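# Analysis of the macromolecular model
Listed below, chain by chain, are the residues.
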Amino acid sequence: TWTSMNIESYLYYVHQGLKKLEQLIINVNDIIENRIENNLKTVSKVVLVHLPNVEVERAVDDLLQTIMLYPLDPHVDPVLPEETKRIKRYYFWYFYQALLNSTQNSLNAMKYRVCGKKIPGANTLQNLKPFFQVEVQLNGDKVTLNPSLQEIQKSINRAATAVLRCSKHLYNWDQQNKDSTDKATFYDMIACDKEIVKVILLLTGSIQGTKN
């Protein structure tokens, strides 16, 4: 600072590094904070039972896209940030949890609101299910739904199982290609989680109450 030089240039060079980094973060903001967020909102909003591939492609593409951001999927060799690298992975795992949880919250909302079938609308694969009509007569002189009501619940469970296997075999951010990048164990975990196994009891209980 005595000849009044090189300090403005050092300050300007650090400013240059900081503006380049502020840039790179503005990248990451753009590139992560909204496309995969809106994809997550869509994944949450997808009604699995009935609604009158896409987001899977989308998530694979978001992976390759984030990979374009120079992210250290392997640790930097000269820096050796082995601990460092796994924290973005824990965050991306929390986000993958938010995705599978979007699907899971949908699944659970539907498992709860099965009872009003006429109110929601169905998609093509699920044409037989909505507001199910059953024939009633004197089966062996006894008034019954001619299709066994138990059978109709097994048809509801067959729709549920088609949906559940479609949702268990996915290609999400971790499952990139046939679960190659990461396993699909969270989906069988969700299948044995309360929203499925414990709500089977509530389903069958309301069903037996209808029978009652």
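Note on numbering: residues are counted from 1 along each chain in the order of its written sequence, which can differ from the entry, and residues with no coordinates are hidden. Chains on display form part of a larger assembly; values are given for the displayed part and nothing beyond it. Hydrogen atoms and water are omitted, and side-chain values are computed over all heavy atoms in the structure.

For the chain, the PDB entry supplies the name Dynein heavy chain, outer arm protein and the organism Tetrahymena thermophila CU428. Recorded in the entry header as its title is "The structure of the Tetrahymena thermophila outer dynein arm on doublet microtubule".

## Some remarks on the overall build of the chain
As a reminder of what qualifies: Helix and strand definitions follow DSSP, with helices as H or I runs of at least four residues and strands as E runs of at least two, each counted in order from the N terminus. Based on C-alpha atoms, the radius of gyration is set beside the globule rule, defined as 2.2 Å times the residue count to the power 0.38. Only protein chains enter the accessibility calculation, which uses a 1.4 Å probe; a residue is then buried when its area is under 20% of its type maximum, exposed when over 50%, and partly exposed in between. Only the protein chains shown count as cover for residues, with accessible areas throughout obtained via the Shrake-Rupley method and a probe of 1.4 Å. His is not counted, nor are the chain ends; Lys and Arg add positive charge and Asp and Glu add negative charge. Where a charge lies is defined by one atom per residue type, namely NZ (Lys), CZ (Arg), CG (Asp) and CD (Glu).
Helix and strand counts for the chain stand at 7 helices and 2 strands. The order of α-helices and β-strands along the chain, N terminus first, is α-α-α-α-β-β-α-α-α. The C-alpha atoms of the chain give 26 Å as radius of gyration, which overshoots the globular expectation for 212 residues (17 Å, by more than 25%). Principal-axis analysis of the C-alpha atoms places the extent of the chain at approximately 110 × 30 × 25 Å. Across the 212 residues of the chain, 28% fall into the buried class. Only carbon and sulfur atoms are counted for the fraction: they give 63% of the accessible area of the chain, which is about 14,600 Å². For the chain, the centre of its 25 positive side-chain charges and the centre of its 22 negative side-chain charges are spaced 9 Å apart.

## Focus: unusual backbone geometry
Even without being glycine, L80 reaches a positive phi, approximately 50°. Topologically, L80 is positioned in the loop between α3 (54-67) and α4 (82-112). Its identity as a non-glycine residue notwithstanding, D141 has a phi of 70°, on the positive side. Here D141 is to be found in the loop between β1 (136-139) and β2 (142-145).

## As for helix α5 (residues 149-168)
Going by this rule: One less than the number of residues in a helix, times 1.5 Å, gives the span that helix is expected to have.
With 20 residues, α5 ought to run about 28 Å at 1.5 Å a step, and its terminal C-alpha atoms sit 27 Å apart, in line with that. What α5 keeps buried is the set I152, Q153, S155, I156, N157, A159, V163, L164 and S167.

## What about the side chain of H50?
What counts is decided by this rule: Contacts are residue-level and defined by heavy atoms, with any inter-residue pair within 4.5 Å sufficient.
Here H50 lies in the loop between α2 (35-45) and α3. Aside from chain neighbours lying at most four places away, what touches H50 is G121, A122, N123, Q126, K129 and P130.

## Let's talk about the environment of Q208
Considering the arrangement of structural elements, one finds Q208 in helix α7 (residues 194-211). By relative accessible area, which is 45% here, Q208 ends up partly exposed. For the pair formed by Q208 and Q150, sequence separation is 58 residues and the distance between their alpha carbons is 9.3 Å.

## Examining the state of the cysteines
Formally: Here, a disulfide means two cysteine sulfur atoms that sit within 2.5 Å of each other.
Taken as a whole and assessed by the stated rule, the structure comprises 0 disulfides. You can see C166 has no disulfide; the closest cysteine sulfur is in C192, sitting 19 Å from it.

## As for the packing of α5 against α7
Stated precisely, the cut-off is as follows: Only C-alpha atoms enter the line fits that serve as axes; for helices the fit covers just the stretch in contact. Angles between N-to-C directions range over 0 to 180 degrees. Should an angle fall under 35 degrees it is taken as roughly parallel, and over 145 as roughly antiparallel, whereas 65 to 115 is taken as roughly perpendicular and any remaining angle as oblique. Crossing chirality is assigned from the near helix's rotation relative to the far helix, an anticlockwise turn below a right angle marking it left-handed and a clockwise turn marking it right-handed. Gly is placed with the polar residues, together with every amino acid not listed as nonpolar (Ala, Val, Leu, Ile, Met, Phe, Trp, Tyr, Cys and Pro) or charged (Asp, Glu, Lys and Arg).
Here α5 crosses α7 at 155°, and the two axes come no closer than 11 Å. Taken together, the axis directions place α5 and α7 in an arrangement best described as roughly antiparallel. Taken as a pair, α5 and α7 cross one another with a handedness that is right-handed. Counting all contacts with α5, which are made through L149, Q150, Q153, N157 and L164, the residues of α7 involved are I196, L203, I207, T210 and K211. A per-class count over the contact of α5 with α7 returns 5 nonpolar, 4 polar and 1 charged.

## Focus: the pattern of salt bridges
Put simply, the rule is: The term salt bridge refers to a pairing of a side-chain nitrogen on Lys or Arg with a carboxyl oxygen on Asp or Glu at a separation within 4 Å.
For the structure on display, the rule yields 2 salt bridges. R58 is the salt-bridge partner of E57, the closest N and O atoms lying 3.0 Å from each other. Judged by relative accessible area, which is 42%, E57 ranks as partly exposed. When its relative accessible area of 34% is taken as the criterion, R58 is described as partly exposed. Taking the shortest distance from any N to any O, the salt bridge between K183 and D182 comes out at 2.8 Å. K183 gets classed as partly exposed once you look at its relative accessible area, which sits at 46%. For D182, a relative accessible area of 15% corresponds to the buried category.

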